[PDB]
$ cat upload-v7.cif   # mmCIF, N, CA and C atoms; chains and numbers go by the auth columns
data_start
loop_
_atom_site.group_PDB
_atom_site.id
_atom_site.type_symbol
_atom_site.label_atom_id
_atom_site.label_comp_id
_atom_site.label_asym_id
_atom_site.label_seq_id
_atom_site.Cartn_x
_atom_site.Cartn_y
_atom_site.Cartn_z
_atom_site.B_iso_or_equiv
_atom_site.auth_seq_id
_atom_site.auth_asym_id
ATOM 1 N N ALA A 1 9.819 26.060 72.349 0.00 1 Y
ATOM 2 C CA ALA A 1 10.425 26.917 71.339 0.00 1 Y
ATOM 3 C C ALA A 1 10.203 26.357 69.938 0.00 1 Y
ATOM 4 N N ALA A 2 10.931 25.295 69.608 0.00 2 Y
ATOM 5 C CA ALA A 2 10.812 24.664 68.300 0.00 2 Y
ATOM 6 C C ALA A 2 11.385 23.251 68.318 0.00 2 Y
ATOM 7 N N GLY A 3 12.710 23.156 68.382 0.00 3 Y
ATOM 8 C CA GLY A 3 13.360 21.858 68.403 0.00 3 Y
ATOM 9 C C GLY A 3 14.200 21.610 67.166 0.00 3 Y
ATOM 10 N N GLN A 4 15.389 21.049 67.362 0.00 4 Y
ATOM 11 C CA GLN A 4 16.290 20.762 66.252 0.00 4 Y
ATOM 12 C C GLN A 4 16.043 19.362 65.699 0.00 4 Y
ATOM 13 N N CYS A 5 16.155 19.223 64.383 0.00 5 Y
ATOM 14 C CA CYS A 5 15.944 17.938 63.728 0.00 5 Y
ATOM 15 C C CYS A 5 17.046 16.951 64.100 0.00 5 Y
ATOM 16 N N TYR A 6 16.713 15.665 64.075 0.00 6 Y
ATOM 17 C CA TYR A 6 17.673 14.620 64.411 0.00 6 Y
ATOM 18 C C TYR A 6 18.099 13.849 63.165 0.00 6 Y
ATOM 19 N N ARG A 7 19.377 13.960 62.816 0.00 7 Y
ATOM 20 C CA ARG A 7 19.911 13.275 61.646 0.00 7 Y
ATOM 21 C C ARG A 7 19.006 13.480 60.435 0.00 7 Y
ATOM 22 N N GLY A 8 18.512 14.704 60.272 0.00 8 Y
ATOM 23 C CA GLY A 8 17.639 15.009 59.153 0.00 8 Y
ATOM 24 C C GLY A 8 16.276 14.359 59.288 0.00 8 Y
ATOM 25 N N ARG A 9 15.817 14.200 60.524 0.00 9 Y
ATOM 26 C CA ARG A 9 14.521 13.586 60.785 0.00 9 Y
ATOM 27 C C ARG A 9 13.889 14.165 62.047 0.00 9 Y
ATOM 28 N N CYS A 10 12.608 14.507 61.958 0.00 10 Y
ATOM 29 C CA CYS A 10 11.887 15.073 63.092 0.00 10 Y
ATOM 30 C C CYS A 10 10.746 14.155 63.523 0.00 10 Y
ATOM 31 N N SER A 11 10.389 14.225 64.802 0.00 11 Y
ATOM 32 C CA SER A 11 9.316 13.399 65.342 0.00 11 Y
ATOM 33 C C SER A 11 7.967 14.095 65.193 0.00 11 Y
ATOM 34 N N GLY A 12 6.924 13.475 65.737 0.00 12 Y
ATOM 35 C CA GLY A 12 5.593 14.049 65.654 0.00 12 Y
ATOM 36 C C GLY A 12 5.156 14.296 64.224 0.00 12 Y
ATOM 37 N N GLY A 13 5.765 13.573 63.288 0.00 13 Y
ATOM 38 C CA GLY A 13 5.421 13.733 61.887 0.00 13 Y
ATOM 39 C C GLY A 13 5.646 15.147 61.393 0.00 13 Y
ATOM 40 N N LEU A 14 6.463 15.903 62.119 0.00 14 Y
ATOM 41 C CA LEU A 14 6.761 17.283 61.749 0.00 14 Y
ATOM 42 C C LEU A 14 7.729 17.334 60.572 0.00 14 Y
ATOM 43 N N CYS A 15 8.032 18.544 60.114 0.00 15 Y
ATOM 44 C CA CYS A 15 8.946 18.732 58.994 0.00 15 Y
ATOM 45 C C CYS A 15 10.186 19.510 59.429 0.00 15 Y
ATOM 46 N N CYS A 16 11.305 19.247 58.763 0.00 16 Y
ATOM 47 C CA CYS A 16 12.559 19.920 59.079 0.00 16 Y
ATOM 48 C C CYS A 16 12.683 21.230 58.306 0.00 16 Y
ATOM 49 N N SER A 17 12.930 22.317 59.030 0.00 17 Y
ATOM 50 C CA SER A 17 13.068 23.631 58.413 0.00 17 Y
ATOM 51 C C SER A 17 14.475 23.824 57.854 0.00 17 Y
ATOM 52 N N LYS A 18 14.657 24.892 57.084 0.00 18 Y
ATOM 53 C CA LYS A 18 15.952 25.193 56.487 0.00 18 Y
ATOM 54 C C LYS A 18 16.958 25.613 57.555 0.00 18 Y
ATOM 55 N N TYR A 19 16.468 25.833 58.769 0.00 19 Y
ATOM 56 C CA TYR A 19 17.324 26.240 59.877 0.00 19 Y
ATOM 57 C C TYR A 19 17.634 25.057 60.789 0.00 19 Y
ATOM 58 N N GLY A 20 17.214 23.868 60.369 0.00 20 Y
ATOM 59 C CA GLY A 20 17.456 22.674 61.156 0.00 20 Y
ATOM 60 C C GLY A 20 16.461 22.515 62.290 0.00 20 Y
ATOM 61 N N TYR A 21 15.429 23.352 62.289 0.00 21 Y
ATOM 62 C CA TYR A 21 14.406 23.304 63.328 0.00 21 Y
ATOM 63 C C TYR A 21 13.122 22.670 62.800 0.00 21 Y
ATOM 64 N N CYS A 22 12.517 21.812 63.612 0.00 22 Y
ATOM 65 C CA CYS A 22 11.283 21.136 63.230 0.00 22 Y
ATOM 66 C C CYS A 22 10.088 22.079 63.346 0.00 22 Y
ATOM 67 N N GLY A 23 9.047 21.805 62.564 0.00 23 Y
ATOM 68 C CA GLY A 23 7.859 22.638 62.594 0.00 23 Y
ATOM 69 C C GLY A 23 6.852 22.249 61.528 0.00 23 Y
ATOM 70 N N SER A 24 5.972 23.182 61.181 0.00 24 Y
ATOM 71 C CA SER A 24 4.949 22.929 60.172 0.00 24 Y
ATOM 72 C C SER A 24 4.904 24.062 59.150 0.00 24 Y
ATOM 73 N N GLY A 25 3.897 24.026 58.282 0.00 25 Y
ATOM 74 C CA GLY A 25 3.757 25.054 57.266 0.00 25 Y
ATOM 75 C C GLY A 25 4.444 24.682 55.968 0.00 25 Y
ATOM 76 N N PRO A 26 4.245 25.522 54.917 0.00 26 Y
ATOM 77 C CA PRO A 26 4.854 25.261 53.624 0.00 26 Y
ATOM 78 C C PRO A 26 6.349 25.588 53.646 0.00 26 Y
ATOM 79 N N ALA A 27 6.720 26.455 54.583 0.00 27 Y
ATOM 80 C CA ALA A 27 8.111 26.866 54.735 0.00 27 Y
ATOM 81 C C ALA A 27 8.915 25.814 55.490 0.00 27 Y
ATOM 82 N N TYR A 28 8.232 24.770 55.947 0.00 28 Y
ATOM 83 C CA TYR A 28 8.884 23.696 56.688 0.00 28 Y
ATOM 84 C C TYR A 28 8.779 22.373 55.936 0.00 28 Y
ATOM 85 N N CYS A 29 7.617 22.130 55.340 0.00 29 Y
ATOM 86 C CA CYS A 29 7.385 20.903 54.587 0.00 29 Y
ATOM 87 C C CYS A 29 7.658 21.116 53.102 0.00 29 Y
ATOM 88 N N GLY A 30 7.547 22.364 52.658 0.00 30 Y
ATOM 89 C CA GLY A 30 7.786 22.680 51.261 0.00 30 Y
ATOM 90 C C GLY A 30 9.263 22.754 50.928 0.00 30 Y
#

$ encode --input "upload-v7.cif" --output "structure tokens"
Amino acid sequence: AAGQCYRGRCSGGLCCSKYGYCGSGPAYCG
């Protein structure tokens, strides 16, 4: 699915979304 960030930190060098879900893109890293 996606995955929730941990203490404001995500693994796999991914980025935390505004919804608390990890992922990629400018909407996640921006």

$ select_by_dssp --input "upload-v7.cif" --residues "chain Y" --states "strand (DSSP E)" --output "ChimeraX atom specification"
/Y:15-16,22-23

$ axis_aligned_box --input "upload-v7.cif" --around "stretch 10-15 of chain Y" --padding-each-side "4 Å" --output "lines of an AutoDock Vina configuration file"
center_x = 8.9
center_y = 16.5
center_z = 62.4
size_x = 15.5
size_y = 14.1
size_z = 14.7

$ resolve_selection --input "upload-v7.cif" --expression "the PyMOL selection byres ((chain Y and resi 2-6) around 8)" --output "ChimeraX atom specification"
/Y:1,7-11,15-17,19-23

$ atom_distance --input "upload-v7.cif" --atom1 "atom CA of residue Y:28" --atom2 "atom CA of residue Y:14"
8.4 Å

$ select_by_dssp --input "upload-v7.cif" --residues "chain Y" --states "helix (DSSP H, G or I)" --output "VMD selection string"
chain Y and resid 26 to 29
